[PDB]
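Quick setup: one chain, the form deposited in one PDB entry, written in structure tokens, and binding and motion questions come after.
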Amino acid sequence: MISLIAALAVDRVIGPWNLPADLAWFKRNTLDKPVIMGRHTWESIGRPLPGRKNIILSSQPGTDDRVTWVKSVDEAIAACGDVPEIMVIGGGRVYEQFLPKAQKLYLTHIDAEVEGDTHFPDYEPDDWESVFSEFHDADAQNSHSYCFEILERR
């Protein structure tokens, strides 16, 4: 099964905060699972996420032997093999391709209105059921209030 995970500010801007807690959530949800990303996302991360299989989506040839390079959405899924759940880590463009096939979403709603580039694709209220929610305020470490949510395709 295919799963998308994203950290969204207000108005689904994914495109200012310092949320160690979210990185803690992100890591635990992805550990030991294939991670699919677009080249731009790969580029900002800058090194492979240790303990996951890293699959990069690009139209051109791979430039780094530390991850697996693929040329289509289909090949990306084939590269994962037989695992229970595949995690789509972004960005915008990969979100939009993967959304229609995703069965689960893992979101963090950050209270931070920013003017941004990429929005998380609109998902239909009707296709999703929230099966987990957990609200947390800003504290020492975390700069903003945020909410962990998990949705499932009904």
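In case it trips you up, residue 1 is the first one in the sequence shown, and so on.
What follows is about the form deposited with a small molecule bound, which we do not show.
- In the bound PDB entry, the small molecule sits within 4.5 Å of a heavy atom belonging to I89.
- In the bound PDB entry, none of the heavy atoms of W128 sits within 4.5 Å of a heavy atom of the small molecule.
- Contact annotation: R52 falls within 4.5 Å of the small molecule in the bound PDB entry, judged by heavy atom distances.
- The small molecule in the bound PDB entry comes within 4.5 Å of no heavy atom belonging to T68.
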